[PDB]
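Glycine also receives a Cβ, built like all others from the backbone with ideal geometry; neighbour counts cover every protein chain displayed. Read-outs: derived from the displayed coordinates by stated rules, not from any lab.
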Amino acid sequence: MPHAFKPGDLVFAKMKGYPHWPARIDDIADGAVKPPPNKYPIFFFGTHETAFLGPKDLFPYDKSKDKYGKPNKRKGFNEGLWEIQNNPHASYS
């Protein structure tokens, strides 16, 4: 059975006006800004942007990749597909 989301989990993350996007649940570094309550820090592959999202917008990668893991015109997306498949836990600073 599923657990709660934890840092390192791989997802497609959905925001308004964008396709479901390859992403990970990030850790929060010591001294870094924490997310609001009930929100997780989402690192978006390819763009390397962070947003704060709730579970309603987070689709586990394994289950969802056959639907969402296809090339997209949007800037950073295909780069994001490479990262999530090939080095999803690397530092992208």
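Any idea which of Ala23, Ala51 is surrounded by 18 or more Cβ atoms within 10 Å (Cβ to Cβ), under 28 Å from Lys73 (Cβ atoms) and within 12 Å of the chain's Cα centre (by Cα)? Explain how you work it out, then say what you get.
On the way: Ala51 fails: surrounded by 18 or more Cβ atoms within 10 Å (Cβ to Cβ).
Selected residue: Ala23, the only one of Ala23, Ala51 that is surrounded by 18 or more Cβ atoms within 10 Å (Cβ to Cβ), under 28 Å from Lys73 (Cβ atoms) and within 12 Å of the chain's Cα centre (by Cα).
Of all the criteria given as (1) surrounded by 13 or more Cβ atoms within 10 Å (Cβ to Cβ); (2) more than 18 Å from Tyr92 (Cβ to Cβ), the one not satisfied by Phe45 is (2). For segment 61-93, the set of residues classified as among the hydrophobic types (A, V, I, L, M, F, W, C) and either more than 13 Å from the chain's Cα centre (by Cα) or exposed (fewer than 15 other Cβ atoms within 10 Å of the Cβ) (or both) consists of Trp82, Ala90, listed by residue number. Here is the figure for segment 55-77: residues that are part of a loop (DSSP other than H, G, I, E, B), touching a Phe, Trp or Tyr at 6+ places or on another chain (Cβ under 9 Å) and more than 12 Å from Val11 (Cα to Cα) total 4. If I ask for residues that are farther than 16 Å from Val11 by Cβ and among the charged types (D, E, K, R), which ones from segment 78-91 would you list? Result: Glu79, single match. Of all positions in segment 28-50, none carries a residue that is closer than 16 Å to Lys6 by Cα, in a helix (DSSP H, G or I) and in contact (Cβ under 8 Å) with a residue 12 or more places away in the chain.
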